[PDB]
Number of protein chains: 2
Amino acid sequence: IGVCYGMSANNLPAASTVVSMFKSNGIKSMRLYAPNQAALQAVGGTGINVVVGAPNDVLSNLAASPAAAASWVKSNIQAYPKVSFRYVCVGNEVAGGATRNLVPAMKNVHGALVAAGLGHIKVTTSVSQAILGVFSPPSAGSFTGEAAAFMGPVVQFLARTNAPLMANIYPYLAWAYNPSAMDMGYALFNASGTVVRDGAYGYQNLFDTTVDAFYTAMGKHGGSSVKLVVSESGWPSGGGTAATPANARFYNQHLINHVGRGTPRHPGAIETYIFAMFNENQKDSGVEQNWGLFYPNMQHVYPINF
Amino acid sequence: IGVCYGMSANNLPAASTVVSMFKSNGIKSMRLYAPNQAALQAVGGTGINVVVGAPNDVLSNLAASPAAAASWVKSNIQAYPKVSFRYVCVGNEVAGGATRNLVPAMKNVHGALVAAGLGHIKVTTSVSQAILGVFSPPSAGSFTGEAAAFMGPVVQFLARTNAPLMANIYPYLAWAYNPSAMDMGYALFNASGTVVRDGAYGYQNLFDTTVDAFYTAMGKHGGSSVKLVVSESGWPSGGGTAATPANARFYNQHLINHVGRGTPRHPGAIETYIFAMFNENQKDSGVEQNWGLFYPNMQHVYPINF
Ligand SMILES: *[C@@H]1O[C@H](CO)[C@@H](O[C@@H]2O[C@H](CO)[C@@H](O)[C@H](O)[C@H]2NC(C)=O)[C@H](O)[C@H]1NC(C)=O
Ligand SMILES: *[C@@H]1O[C@H](CO)[C@@H](O[C@@H]2O[C@H](CO)[C@@H](O)[C@H](O)[C@H]2NC(C)=O)[C@H](O)[C@H]1NC(C)=O
């Protein structure tokens with residue numbers, strides 16, 4: 001399992017301490033939202049797989065100038081030969097007109113990587129579950145109209161480069177939108193006795209439903225060979241309805257034990273990253289400040305066996 | 001929210017006055033059942049979105065001749081450059097053998113719109129909730145055998161053109177059909193909790209159930225990417241059981257406050273049109289003459305905030 005190393009806080013431990021926590025807890029992969037020099041210098045030579053992101057504010061530059069892309073790769077990838085880079089995630093939940101820069105930026109970063117002999121590092125992007133117009137039933141999975149406009153080209157690029165699509169999937173957020181619309185147990189991996197039939201397949205949790213819905217949506221744009229990586233998933237420990245340490249532990253521990261089995265339509269391990277390592281005090285007040293597995297003081301918010 | 005501007009009456013205010021009422025009340029969209037000249041002249045330059053219909057009696061002509069369709073578009077659409085046209089609704093609850101002319105007519109109108117540089121105006125059709133063979137539970141939603149025959153091609157045409165399907169949904173009529181079959185509160189938006197449990201999903205009102213049933217039916221015909229627009233919905237203020245100003249206000253005010261959040265399986269705003277602006281004295285005696293938000297003299301039948 002992997003863990004997202006969010007840094008929107010002013011009281012987190014230093015990078016080398018965090019890298020050490022990953023190692024002592026058995027966390028194999030780390031997702032960074034930007035090429036933080038401290039984190040990259042510290043994670044090198046530790047064996048931890050790294051997903052490094054190109055933040056949304058640099059997308060325009062990477063799309064507009066392939067030279068800028070080669071420079072980005074040189075300064076943030078080639079500069080750290082000891083780091084086990086796995087993917088370069090270009091953008092995170094890019095929206096609006098900025099989506100037009102997505103494919104061009106990915107193409108330019110991809111070209112720069114291959115040229116440096118670093119072509120084993122796959123280029124992808126991370127999308128929100130909100131781009132799904134239909135998630136239930138999974139067999140009818142489709143992207144919304146707006147999303148379909150840019151997702152078509154994105155999915156086709158991933159298919160031709162043999163790169164996976166990254167998706168931030170949060171059963172908690174789908175449920176919290178309207179608590180009366182579905183049983184909480186369905187979103188929490190606690191829906192005993194509940195089997196929602198979709199043709200020949202039976203679903204027991206919202207995570208599987210959403211993952212399979214994404215796969216169906218991708219298949220409609222020529223992406224039947226594209227794998228899905230869950231780049232974010234978690235449950236808040238406070239700040240909102242059902243956001244408690246007990247529910248967060250239940251969700252995350254069940255998630256960890258579940259991803260190796262896969263979904264009804266897609267058996268097999270699903271690469272997953274839990275959001276997030278620490279509670280981040282500089283995010284919005286409410287659930288947003290309570291997504292951490294650890295408190296800034298390094299104490300577990302709740303027990304977890306990775 | 002939008003409002004249907006029905007004209008089956010002999011004592012309604014002039015079109016320019018009606019348009020003034022739309023503005024002063026905050027009604028953003030208007031549905032016309034025919035390209036009424038007085039109305040189209042009066043609504044131009046107001047910003048009010050317009051759904052214009054091609055009445056059932058002109059369907060065979062539009063289907064048989066591309067030239068007739070181009071002429072219809074020229075006289076009723078191109079002739080009003082100041083009108084904010086949103087959709088062209090070809091037919092309203094077309095039934096029997098006339099349904100064979102549906103797709104041909106839509107194709108011809110669509111072709112004419114594109115050639116004129118008005119391809120942004122989507123072509124659709126409006127169907128009755130009566131074409132649903134099963135509406136409960138929503139996961140089992142499906143069209144009647146007869147409806148399925150023509151709905152397949154209709155939904156497929158809509159999917160290919162990125163146009164929505166319009167549906168006239170009336171919880172009142174479904175309930176009034178057999179009052180013992182369901183609690184009136186369920187139809188009126190006054191149920192306390194979950195009335196229908198569908199797998200992990202909970203429905204507390206008939207409106208949501210019907211909308212989701214339509215989505216399921218469409219998905220079964222290749223229309224999982226097709227959005228639904230509620231082209232009509234309301235509650236009568238007199239002329240029948242439970243038809244009172246208090247119940248009509250309750251239903252309509254709750255609908256207005258509800259549609260922005262969507263349904264259990266389709267969260268998000270649902271484009272909705274309330275039937276209707278005025279009570280229409282040339283309709284059948286009973287509930288049919290009491291669907292209005294306003295009396296012909298322009299007084300509110302009941303207080304409403306849009
Ligand atoms: C997982 O689901 C079970 C079964 O619904 C939950 O256990 C019930 O919890 C309620 C709490 O009010 C009790 O009244 C019931 O008696 C419990 N059922 C049984 C069989 O003991 C359990 O709380 C859920 N777990 C989590 C973490 O939400
Ligand atoms: C909406 O539902 C409420 C609650 O069921 C109705 O109010 C109750 O009506 C009964 C009459 O049978 C009274 O005895 C209760 O005291 C009322 N409860 C409350 C809290 O007021 C209400 O009448 C319904 N509204 C509509 C328009 O049907």
Side-chain angles (χ1 to χ4, degrees), chain A residues 145, chain B residues 2-8 12 14-16 18-20 22-23 27-94 98-99 101-127 154 157-168 226-232 271-273 275-277:
Chain B
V3 171
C4 300
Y5 186 179
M7 300 174 188
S8 305
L12 303 187
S16 47
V18 180
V19 167
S20 281
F22 270 67
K23 295 182 301 182
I27 306 169
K28 302 170 182 56
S29 307
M30 172 191 287
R31 181 183 179 196
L32 293 169
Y33 294 84
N36 182 265
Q37 297 156 270
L40 291 176
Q41 287 160 40
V43 75
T46 61
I48 298 171
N49 299 304
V50 176
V51 171
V52 61
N56 293 359
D57 64 304
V58 305
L59 255 50
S60 57
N61 259 74
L62 295 176
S65 176
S71 188
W72 191 88
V73 168
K74 178 173 177 135
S75 305
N76 303 299
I77 308 298
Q78 293 178 266
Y80 306 97
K82 305 177 180 192
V83 178
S84 304
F85 288 110
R86 187 159 169 62
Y87 309 118
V88 170
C89 187
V90 182
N92 183 47
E93 304 188 353
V94 181
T99 58
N101 293 320
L102 215 43
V103 178
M106 290 187 266
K107 278 176 132 83
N108 288 343
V109 175
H110 178 252
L113 285 169
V114 171
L118 301 172
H120 54 281
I121 300 170
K122 297 303 182 185
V123 175
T124 178
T125 191
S126 192
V127 302
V154 166
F157 166 81
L158 300 174
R160 297 181 337 240
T161 55
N162 196 219
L165 170 67
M166 289 184 144
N168 300 329
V226 178
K227 252 193 173 183
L228 188 74
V229 171
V230 177
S231 48
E232 286 178 11
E271 187 180 350
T272 305
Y273 293 79
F275 187 86
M277 191 67 172

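Values reported hereafter were calculated over all heavy atoms of this structure, with side chains retained and with hydrogens, waters and symmetry mates removed. Here is how names work: the chains are called A, B, and so on, in the same order as the sequence lines, proteins then strands, and each is numbered from 1.
- Residues B:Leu102 and B:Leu59 share a closest heavy-atom pair of CD1-CD2, 4.1 Å.
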Full working for side chain to side chain contact (heavy atoms under 4.5 Å, CB included) between B:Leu32 and B:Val51: CA-CA 6 Å; B:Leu32 293 169; B:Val51 171; over 6 Å; no
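- Between B:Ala70 and B:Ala112 the shortest heavy-atom distance is CA-CB, 3.7 Å.
- With a 4.5 Å cut-off on side-chain heavy atoms, B:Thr124 and B:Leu158 count as touching.
- At a threshold of 4.5 Å between non-hydrogen side-chain atoms, the residues B:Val52 and B:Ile121 do not count as touching.
- Looking at B:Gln41 and B:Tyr80, their side chains come closer than 4.5 Å, going by heavy atoms from C-beta outward.
- No donor-acceptor pair closer than 3.5 Å links the side chain of B:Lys82 to the backbone N or O of B:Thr46.
- Judged by distance alone, with hydrogens and angles left aside, the side-chain atoms of B:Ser75 form no donor-acceptor pair with the main-chain N or O of B:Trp72 at under 3.5 Å.
- Counting only residues at least two apart or on different chains, the side-chain hydrogen bond (donor to acceptor under 3.5 Å, both in side chains) pairs with a member in residues 83-92 of chain B are B:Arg31-B:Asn92, B:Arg86-B:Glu271, B:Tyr87-B:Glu271, B:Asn92-B:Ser126, B:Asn92-B:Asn168.
- Annotation: the span from B:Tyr33 atom OH to B:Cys4 atom SG amounts to 3.5 Å, rounded to 0.5 Å.
- Between B:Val90 and B:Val88, some side-chain heavy-atom pair lies under the 4.5 Å cut-off.
- Interatomic distance, B:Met106 CE to B:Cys89 SG, rounded to the nearest 0.5 Å: 9.0 Å.
- Nearest heavy atom pair, residue B:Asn76 against residue B:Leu40, reads O-CD1, 3.8 Å.
- Formation of a donor-acceptor pair under 3.5 Å by the B:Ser65 side chain with backbone atoms of B:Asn61 is not found in this model.
- Inter-residue side-chain proximity for B:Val123 and B:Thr161 is flagged as unmet; no heavy-atom pair is nearer than 4.5 Å.
- Annotation: side chain of B:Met166 is not in contact with side chain of B:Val127 (no heavy-atom distance under 4.5 Å).
- Atom CD of B:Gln37 has 12 or fewer neighbouring heavy atoms from other residues, nucleotides or ligands inside a 6.0 Å radius.
- Atom CG of residue B:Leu62 and atom OG of residue B:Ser71 lie 9.5 Å apart, to the nearest 0.5 angstrom.
- Applying the side-chain contact (heavy atoms from CB on, under 4.5 Å) test between B:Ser29 and each of B:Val50, B:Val3, B:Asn49 identifies B:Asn49 as the sole match.
- Across every non-hydrogen atom of B:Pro35 and B:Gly53, the tightest pair is CD-O, 3.3 Å.
- In B:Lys227, the NZ atom is not crowded: 12 or fewer heavy atoms of neighbouring residues, nucleotides or ligands sit closer than 6.0 Å.
- At distances below 3.5 Å, not a single donor-acceptor pair connects side-chain atoms of B:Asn108 with backbone N or O atoms of B:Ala69.
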B:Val43 vs B:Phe22, side chain to side chain contact (heavy atoms under 4.5 Å, CB included): CA-CA, chis, key distance, verdict: CA-CA 10 Å; B:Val43 75; B:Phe22 270 67; over 6 Å; no
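- Side-chain contact between B:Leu12 and B:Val18 is absent, with no heavy atoms from C-beta onward closer than 4.5 Å.
- Counting heavy atoms from C-beta outward, B:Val109 and B:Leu113 have side chains that approach closer than 4.5 Å.
- Ring geometry for B:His110 versus B:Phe157: interplanar angle over 60°, hence perpendicular rather than tilted (30 to 60°).
- Summarising the geometry, atom OH belonging to B:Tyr5 is positioned 8.5 Å from atom CE belonging to B:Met277; distances are rounded to the nearest 0.5 Å.
- Contact detail for B:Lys74 and B:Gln78: the closest heavy-atom pair is CA-OE1, 3.3 Å.
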